[PDB]
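To start, the structure under review is shown below, and the notes come after it.
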Amino acid sequence: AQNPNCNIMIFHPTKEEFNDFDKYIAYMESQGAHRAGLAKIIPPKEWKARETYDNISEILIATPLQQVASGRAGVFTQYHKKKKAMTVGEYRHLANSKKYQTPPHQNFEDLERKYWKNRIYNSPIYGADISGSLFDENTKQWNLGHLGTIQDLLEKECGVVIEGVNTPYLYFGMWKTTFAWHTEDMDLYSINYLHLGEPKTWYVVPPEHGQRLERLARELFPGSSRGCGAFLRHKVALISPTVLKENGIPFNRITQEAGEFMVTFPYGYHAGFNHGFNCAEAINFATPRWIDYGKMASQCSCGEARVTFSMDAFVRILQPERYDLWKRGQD
Ligand SMILES: O=C(O)CNC(=O)C(=O)O
Ligand SMILES: [Mg+2]
Ligand code: NI
Ligand SMILES: [Zn+2]
């Protein structure tokens with residue numbers, strides 16, 4: 001069995017190997033990459049996502065989210081308070097203000113320490129989940145707005161034709177902005193490209209051990225667990241590495257830098273934070289190996305998780321028994 005320790009693998013495809021996306025995902029899996037839950041892909045030196053970023057300040061963040069924490073430093077939840085719209089230019093200035101800027105620090109490790117120590121005492125503002133793309137239309141390789149769609153994968157594998165579309169989303173971050181512990185909708189893959197700016201630190205639990213994280217989360221957030229049998233679908237809970245190590249949960253960590261892709265694999269729980277102002281683009285995708293995970297994915301039916309239009313068909317076709325209850329929580 002390849003990668004039996006479930007380490008995060010880092011790949012350096014050549015320009016030739018960068019031509020066929022599906023093939024390269026399958027290659028990474030042949031090497032055991034999926035066992036980690038997360039992989040890093042460093043693009044060939046000849047590749048570029050776009051010519052320059054010189055013209056991004058006019059993008060609108062219609063609903064910036066202030067991430068307010070409750071709990072203790074290592075075990076907390078966050079809620080998103082909606083703020084008034086602002087442009088990327090405005091947001092970048094805000095990120096660089098004395099209130100919100102990255103503090104002095106020695107290296108990524110020192111900054112990680114300061115994040116876990118101090119996150120809960122501040123409420124950073126995140127421009128998340130903005131439909132759009134920053135890939136140039138002429139970028140042919142690993143262009144996240146030109147991937148094969150999940151609908152088309154399900155059609156090719158299973159023969160059924162469904163509604164729905166699959167488009168990318170932009171994420172504008174600042175110091176301390178946080179993504180809570182989650183897997184993807186329907187335990188899909190995700191791919192995330194860091195277009196510009198400061199790094200993003202990731203934590204991941206191997207898919208084969210995801211249920212260990214779920215059991216710990218039920219212990220640590222006991223009211224949330226009573227409210228919903230899939231409450232990590234709410235995307236609100238944070239658990240630090242120290243707490244994970246105290247409780248014997250297998251995990252790994254890695255820092256993504258601008259110009260780098262990350263792939264999360266089906267049922268790979270992940271969480272993380274941004275180091276300073278940055279912009280990422282991400283999208284879900286499927287492969288044939290995903291279908292069995294889609295069939296088994298937990299679902300929130302309490303009403304909190306509320307997701308996209310396209311998840312309907314996935315639930316309806318892959319999880320017909322659950323469909324009625326899940327849709328009640330959607331409506
Ligand atoms: O970048 C972020 O805030 C969160 N991204 C992801 O969870 C992902 O790409 O799957
Ligand atoms: Mg612009
Ligand atoms: Ni994710
Ligand atoms: Zn729920």
Side-chain angles (χ1 to χ4, degrees), residues 8 36-41 50 52-62 64-65 67 78 80 85-92 95 115 119 124-130 132-134 136 142 144 147 150 166-205 207 210 213 232-238 254-258 260-286 290 293 297 305 307-308 311:
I8 298 168
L38 184 67
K40 177 179 290 196
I41 306 96
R50 70 181 295 112
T52 89
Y53 291 91
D54 283 333
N55 302 102
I56 66 169
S57 305
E58 310 307 303
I59 295 170
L60 194 67
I61 308 171
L65 304 179
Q67 304 185 294
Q78 56 186 13
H80 292 159
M86 75 179 87
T87 66
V88 165
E90 290 166 338
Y91 179 90
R92 180 175 65 216
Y115 174 84
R119 163 67 186 95
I125 293 171
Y126 208 173
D129 296 313
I130 298 163
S133 185
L134 286 168
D136 188 307
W142 290 52
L144 299 190
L147 303 180
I150 299 154
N166 179 198
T167 53
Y169 295 86
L170 304 175
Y171 298 83
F172 289 94
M174 66 171 60
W175 170 233
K176 292 172 172 164
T177 55
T178 301
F179 52 110
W181 281 107
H182 70 283
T183 61
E184 303 304 304
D185 288 344
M186 218 70 191
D187 297 344
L188 283 156
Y189 297 71
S190 65
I191 184 167
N192 182 300
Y193 183 68
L194 193 51
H195 282 280
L196 64 95
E198 307 306 314
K200 189 191 295 285
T201 293
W202 301 67
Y203 306 91
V204 61
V205 174
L213 183 69
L232 292 179
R233 299 280 174 207
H234 314 165
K235 306 194 304 191
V236 302
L238 278 302
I254 191 167
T255 301
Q256 178 192 21
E257 297 186 77
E260 305 179 338
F261 289 92
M262 307 297 297
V263 165
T264 82
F265 294 87
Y267 195 62
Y269 275 101
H270 53 285
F273 65 90
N274 293 305
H275 291 208
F277 174 69
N278 63 18
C279 172
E281 180 169 344
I283 199 177
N284 296 118
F285 71 93
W290 166 72
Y293 289 89
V307 314
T308 189
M311 230 190 102

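Indexing begins at 1, ligand by ligand and atom by atom, following the structure's order. Starting from 1, each residue takes its place in the sequence as its number.
- Here the side chains of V204 and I8 are in contact, with some heavy-atom distance below 4.5 Å.
- At a 4.0 Å cut-off, at least one heavy atom of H182 sits close enough to ligand 1 to count as contact.
- When non-hydrogen atoms are compared, ligand 1 lies under 4.0 Å from neither the backbone nor the side chain of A280.
- Closest heavy-atom approach to atom 9 (O) of ligand 1 among the candidates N192, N278, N274: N192.
- For atom 1 (O) of ligand 1, the nearest non-hydrogen atom of the protein is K200 NZ, 2.9 Å.
- Relative ring orientation between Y193 and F261 is described as tilted, the plane-to-plane angle lying within the 30° to 60° band.
- Between the side chain of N166 and the backbone N or O of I150, at least one donor-acceptor pair lies under 3.5 Å.
- A side-chain contact (heavy atoms from CB on, under 4.5 Å) with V88 is found for one member of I130, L170, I59, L60 and no other, namely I59.
- Between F273 and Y115, the angle of the ring planes stays under 30°, which puts this pair in the parallel group of the 30/60° scheme.
- Between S190 and ligand 1, a contact under 3.5 Å exists for at least one N or O pair.
- Not a single heavy atom of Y169 lies less than 4.0 angstrom from ligand 1.
- In this structure, atom 4 (C) of ligand 1 lies nearest to the protein heavy atom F179 CG, 3.7 Å.
- By the 3.5 Å distance cut-off applied to N or O atoms, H270 is counted among the residues near ligand 1.
- The closest side-chain donor-acceptor pair between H275 and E257, if any, does not fall under 3.5 angstrom.
- The Ni ion (ligand 3) sits nearest to atom OE2 when only the N, O or S atoms of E184 are considered.
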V263/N192 under side-chain contact (heavy atoms from CB on, under 4.5 Å): CA gap, chis, key distance, verdict: CA-CA 6 Å; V263 165; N192 182 300; over 6 Å; no
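- Counting protein heavy atoms only, atom 3 (O) of ligand 1 is closest to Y126 OH, 2.5 Å.
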